[PDB]
Each structure stands twice: as C-alpha cells, then as structure tokens.
Amino acid sequence: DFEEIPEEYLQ
Amino acid sequence: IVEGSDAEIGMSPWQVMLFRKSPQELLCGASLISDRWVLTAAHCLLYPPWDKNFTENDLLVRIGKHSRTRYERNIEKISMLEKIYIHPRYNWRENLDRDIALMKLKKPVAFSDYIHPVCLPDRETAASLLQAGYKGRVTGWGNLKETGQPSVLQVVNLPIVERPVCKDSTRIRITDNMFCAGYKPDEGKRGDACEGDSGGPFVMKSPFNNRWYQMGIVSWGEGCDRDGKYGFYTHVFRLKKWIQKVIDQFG
Amino acid sequence: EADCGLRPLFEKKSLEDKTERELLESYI
Ligand SMILES: *[C@@H]1O[C@H](CO)[C@@H](O)[C@H](O)[C@H]1NC(C)=O
Ligand SMILES: N=C(N)c1ccc(Cl)cc1
Ligand code: NA
Ligand code: NA
C-alpha cells in the first residue's frame, strides 16, 4: 500500500 | 478523518506520521514541537490489551508529508527515534487518562516551508480558548469512515463540547486530562477523527497573537462520527509540566 | 520556539488558509 522508502532509513 | 477535506499544502507543517518499519504501515499521527521533539498519544506506542509495546527501533517518523502513501522526495524528512517517553501515570488499564508521549529524534530536523513546529499553550491561552463552542482543527491520514482511506492529509474543524455533554455521551470515566469535541446531532454538521488519526494534533489559532497552539492530542472515541458521540482529546496544557520536565532533563 | 505556530506558507506570507476563519468566528 505504501511506496517503499529509501533503504538508508531502514538500516 | 471523517467528513473532512484535503489539507492545503503546508497547512499543518507540524504534522508527523508515525510509521512502522516492518511491515511498512501508518501507525498514528504525531506533531512537531521543536527540531528534535515529537508529541503523540501514549496509546500509539503502548497498549497492552492489543499486545502493543513499540521500541524506538521499531518506528520512524515522517515529517513534512501531504500524500499518505507516497515517498515525497525532496519534501518529507524521515527521522529515527533516539528515545520514547511515556507519561508515568498513563492509564492504559481503564480510560486512557494522561494519553501522552514524547519522542526524541536522533538528529534535529531541518525546518522548511513544509516542516515547522506548533506552539504549546501557556496557561492563559488555554484558559481563553478551551471553551465550549470554540473550534479547533484536527488533521490526519486515518480512515474516512468507521466502516475508506485518503490520498492526502485530511483536515476537519470541530467545536469543543461542554463537559457535562461529553460525560453524558459515554460510560467511560472522563477526567480533567481530557476534553471532547464534535458537533451535536441537532447541529447538522459532522466530522470526527478515526482509526489512524490517533496521536495527531487538535490545534487552535490564537486570535491574540495569530499563532497556532496544540491544545489536544487525538486520544479515543467510540466509533467514528457517530451521532451523540464525541472524540476525546488529551488536554495538553494540563500535562505540560510533565512535557517540560522531560524536555528540560533529556533535551 | 520563538517562531512556533507561524506557518511558512500562511502566516509568514500573510496568506489565509481556506477554513481558518471558521475558527476565528467561533472565538466569541
Ligand atoms: C514495554 O516494553 C518494555 C521493554 O521493551 C518493558 O520494559 C515495559 O515494562 C513494557 N510495558 C508494559 C506495560 O508491558
Ligand atoms: N474511533 C477512533 N479510533 C477515534 C479515535 C480518536 C478520536 Cl478523537 C475519535 C475516534
Ligand atoms: Na456518562
Ligand atoms: Na458525533
């Protein structure tokens, strides 16, 4: 449902 | 938000989205009160009846947003959480008394046209403005009806309700740390917060100094936009001494 | 903040949003 956010914020 | 409308760009630049990392989903609203502090409802973070007890690393905050689901490149800013603080007398067992929490960000967020803090009320602004019939504004990305979801941030203006009417609308025990807002059945107009709006702000624009103040936090309701029911909001001013104590000691 | 509650795209430009007047009119 949500657009993927940049991977930098999940690391 | 039920029976609201699309926000204008930059209309609520303090609005924050609490976002779950995995699975990626909206958890709650929240508000920006300084470059490093975000205010929300405690039940967005801790609600044992639903097995909810988030830790810092579970969550992100997204600031500057308009679209609910899009990654708003060059506009929104995504921040990690350094620390969660929940009111020590938050009553999740009974009635959500003192439904307030703070989140300290790992790094300060840069302000912009889209990102700007709301004021917290002083005693006098609270006394003047938190009167039955006076309207505030609620914003969020929650559901559009009780039983569905918005493209962009929604806004609704709602009147504060007399305390006896709030109390007589529910079997829940209401405390001085709560107020309620919404139209009465005979008033015709409608509107409410709904699932997913919790933790976001109830704001009022002071006619004395033309600044926006956060008077409430979306806390709880029985359904959404039901006739004879009202939304309940955390009374921010009544809990400001705790807010100040946290910020003074951990900021 | 000294600057809190003043929106860049509204108060700081002296532009009014579409419904803020509804709030003002309730403050009686
Ligand atoms: C919530 O979780 C933390 C650990 O993550 C724990 O210390 C705390 O007691 C929990 N609260 C409740 C009410 O279960
Ligand atoms: N049904 C709800 N989740 C709800 C929550 C909070 C308010 Cl103020 C109104 C409705
Ligand atoms: Na009652
Ligand atoms: Na209602």
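Those protein sequence lines, which keep their order, are chains B, X and E. Reminder that position 8 of the first sequence reads as -6 in our numbering, one-by-one numbering, no gaps. For any residue, its number in our numbering is found by taking its place in the second sequence, counting from 1, and adding 98. For any residue, its number in our numbering is found by taking its place in the third sequence, counting from 1, and adding 202. Beta carbons are placed, not taken as given, at the ideal position from N, Cα and C, and that holds for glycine.
Residue i Cβ short of 8 Å to ligand 2 heavy atom set
i, result
"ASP195 (chain X)", "no"
"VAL253 (chain X)", "no"
"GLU123 (chain X)", "no"
"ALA199 (chain X)", "no"
"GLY349 (chain X)", "no"
"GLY321 (chain X)", "yes"
"residue 42 (chain X)", "Any answer about residue 42 (chain X) is impossible in this case: the structure gives chain X only from 99 up to 349."
"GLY246 (chain X)", "no"
Distance CB(residue i)-CB(residue j) smaller than 9 Å
i, j, result
"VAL100 (chain X)", "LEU203 (chain X)", "no"
"residue 72 (chain X)", "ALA291 (chain X)", "A question about residue 72 (chain X) goes unanswered here, because the residues of chain X that appear run from 99 up to 349."
"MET302 (chain X)", "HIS333 (chain X)", "no"
"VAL253 (chain X)", "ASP133 (chain X)", "no"
"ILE161 (chain X)", "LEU130 (chain X)", "yes"
"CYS217 (chain X)", "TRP340 (chain X)", "no"
"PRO219 (chain X)", "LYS343 (chain X)", "no"
Residue i beta carbon near ligand 4 (any heavy atom closer than 8 Å)
i, result
"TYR212 (chain X)", "no"
"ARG324 (chain X)", "yes"
"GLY280 (chain X)", "yes"
Examine the Cβ distances between the region 171 to 180 of chain X and the region 139 to 147 of chain X and report whether three or more of them are shorter than 8 Å. no
How would the residue list near ligand 1 read, in chain order, if you kept each one whose beta-carbon is closer than 7 Å to any heavy atom? X:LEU144, X:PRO146, X:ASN151, X:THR153
Taking a cut-off of 6 Å, which residues have a beta-carbon closer than that to any heavy atom of ligand 3, in chain order? Selection around ligand 3 by beta-carbon proximity, strictly under 6 Å to any non-hydrogen atom, yields X:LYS265, X:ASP266, X:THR268, X:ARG269 in chain order.
Closer than 7 Å, Cβ to Cβ, to anything on chain E: give me those residues from the region 99 to 113 of chain X, in chain order. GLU106, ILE107, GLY108, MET109, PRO111
Quick test of the definition: if touching needs 3 or more C-beta pairs under 8 Å, does the region 255 to 270 of chain X touch the region 205 to 212 of chain X? no
With 7 Å as the limit, tell me which residues of the region 150 to 171 of chain X have their beta carbon closer than that to any beta carbon of chain B; keep them in chain order. Within the region 150 to 171 of chain X, the qualifying residues are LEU158, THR167, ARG168, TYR169.
Are the region 216 to 228 of chain E and the region 230 to 244 of chain X touching, with three or more C-beta to C-beta distances below 8 Å? yes
Using Cβ-Cβ distances below 8 Å, what residues of the region 247 to 262 of chain X are close to chain E? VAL253, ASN255, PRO257
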